[PDB]
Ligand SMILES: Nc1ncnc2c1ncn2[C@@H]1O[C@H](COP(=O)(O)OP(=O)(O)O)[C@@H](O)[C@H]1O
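Read the single chain below, which is given as structure tokens and is the form solved without this ligand.
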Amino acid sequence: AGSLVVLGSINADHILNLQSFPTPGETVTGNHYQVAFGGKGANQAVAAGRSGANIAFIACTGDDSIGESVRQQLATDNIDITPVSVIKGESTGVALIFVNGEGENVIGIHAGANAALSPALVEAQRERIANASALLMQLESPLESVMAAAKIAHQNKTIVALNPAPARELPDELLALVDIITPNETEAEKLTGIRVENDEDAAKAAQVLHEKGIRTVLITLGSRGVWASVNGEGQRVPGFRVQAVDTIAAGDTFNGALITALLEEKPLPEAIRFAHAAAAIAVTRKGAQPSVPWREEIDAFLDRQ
């Protein structure tokens, strides 16, 4: 298994379950509270580490207590935290989350130290990025840093995997550097300009990304699975049926487990089944990282399948 380098955000998730979302000017008392480490960068770094990858993590926390704790935690999640910088005078990223009695949620985010992951910091990681087999990134880090990291990778035979979340348009210069992209429907549309409701739309949107030069395109479709497309040839790959309790980080787990499988040189079809198994498990648990399953659990799930 080649080495993986994840570059992305780190958040401390504060989750409060409550009857209903407070209206403007209102105060509501919740029924359950949970602090769990989150952030797409870390969720994916953890999903990969736990699933068995040889991964190093480029990220930034602040100089606060919470920052030290998450750092303490990630180190035990089978992740090399040597590339995680501490930014003096800044707060560690945070996410305030409400979940109502109807199962819906709303999230408020503070970028904090995450906005400090600069091109200068990426350059300082030139060698690490150069020697890795693949680089996994999202969009909760400055675009200029993601851009600069992708170039170094493109220059040194480092596979570039991008989870284009949260949704936003991207320059062709960055897309022309991506090898594996994993957008959901909203993101696929935002990236191609094509609304994706059905498999016909997904194939069309996929085609647009392929023309940008992206070899592998996986569009998460929600309940019906993912549209897996390699160089124009795609098909819908169903996920597992499970009773969801908390879907947060489901997509991040999918991404982290997927890359682990691919860097293990498993064929795409099996890799996707592996990532789907991991995600299926993740939605049956609460909190982002606390729900990310380890390799043993993933394989056990598969074996009983």
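Heads up, when I say rigid core I mean the largest set of C-alphas that superpose within 1.5 Å between the two forms. Numbers follow the displayed sequence, beginning with 1.
- When 263-271 is weighed against 249-257, 263-271 comes out higher, by mean CA B-factor as recorded in the entry.
- Taking the mean C-alpha B-factor of each stretch as recorded, 276-284 and 240-248 are not equal, and the higher mean is that of 240-248.
- Note on the listed residues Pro166, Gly112, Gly108, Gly89: the highest Cα temperature factor in the record is that of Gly89.
- Among the modelled residues of its chain, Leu302 has a C-alpha B-factor that falls in the highest third according to the deposited record.
- Among all modelled residues in this chain, the alpha-carbon of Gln44 has a temperature factor (C-alpha) in the lowest third.
- Per the deposited record, the Cα B-factor of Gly222 falls in the highest third when ranked against the other modelled residues of its chain.
- Compared with the other modelled residues of the chain, the Cα B-factor recorded for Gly93 ranks in the lowest third.
- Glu140: CA B factor lies in the middle third for its chain, per the PDB record.
Keep in mind that the form solved in complex with this ligand is not shown, yet the notes after this line are about it.
- Contact with this ligand in the deposited complex holds for all three of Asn184, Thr247 and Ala250, each having a heavy atom within 4.5 Å.
- When contacts are judged by a 4.5 Å heavy atom cut-off, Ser141 does not count as touching this ligand in the deposited complex.
- Contact check for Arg50: no non-hydrogen atom falls within 4.5 Å of this ligand in the deposited complex.
- Residue contact with this ligand in the deposited complex: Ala280 places a heavy atom within 4.5 Å of it.
- In the deposited complex, no heavy atom of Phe57 sits within 4.5 Å of this ligand.
- Contact with this ligand in the deposited complex, judged as any non-hydrogen atom within 4.5 angstroms, is confined among 143-151, 67-75, 81-89, 223-231 to 223-231.
- Only one of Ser133, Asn105, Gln73, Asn78 has its Cα shifted by 2 Å or more between this form and the one not shown after fitting on the core, and that residue is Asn105.
- When the rigid core is held fixed, the Cα atom of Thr284 travels less than 2 angstroms between this form and the one not shown.
- If you fit the rigid core between this form and the one not shown, you'll see the Cα of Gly30 move by 2 angstroms or more.
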